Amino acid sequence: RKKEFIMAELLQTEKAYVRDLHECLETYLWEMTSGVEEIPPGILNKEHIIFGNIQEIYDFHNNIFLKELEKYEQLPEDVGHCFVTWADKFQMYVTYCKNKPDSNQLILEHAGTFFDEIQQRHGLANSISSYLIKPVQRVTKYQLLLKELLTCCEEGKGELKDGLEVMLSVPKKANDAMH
């Protein structure tokens, strides 16, 4: 029952993370790359700095990771292996975290209200800043869900230990990469 609540949350919040990154790319990013609106000289052609590698992170989750997590729905005690299999992909959170300060200053110093106007126009509860923190939140959350599964899975549960190891290592590597 508890391992099933945790697996359900893992999947529901993965679906929400994918919907969130998709919204960010098809509103805030699309307005910059589109050519439908006038872009502050401050940020013109600096979407690379603003959004970092969030496209590549979304492609991983949307093309691969959510589909593979779904295949472990009835195998919660094994889901640590999903993180071991895809460990290399999570390295792009190191790149994302490294960039995030530069992203935030660029939006502060040079974007004025470009993104606030987009937010209002689209009717979004979440600001560009709310969306751009999400990869940092998600990558520090997987380790909490795996710790929860460890409190309620037998010991056929080194298919959690190794997964958790990976999902402790990634955020620590990302942390250790900051200025």
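When you see a residue number, it is the position in the sequence shown, counting from 1.
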{"query": "Residue range whose averaged C-alpha B-factor is higher in the record, 122-130 or 54-62", "finding": "122-130"}
{"query": "Mean temperature factor over C-alpha atoms, higher-scoring stretch between 64-72 and 44-52", "finding": "44-52"}
{"query": "Modelled-residue ranking by C-alpha temperature factor, third containing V84", "finding": "middle"}
{"query": "Among modelled residues of the same chain, the CA temperature factor third for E9", "finding": "lowest"}
{"query": "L149 - which third its CA temperature factor falls in, relative to the rest of the chain", "finding": "middle"}
{"query": "Third of chain Cα B-factors occupied by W30", "finding": "middle"}
{"query": "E155 - Cα temperature factor, lowest/middle/highest third of chain", "finding": "highest"}
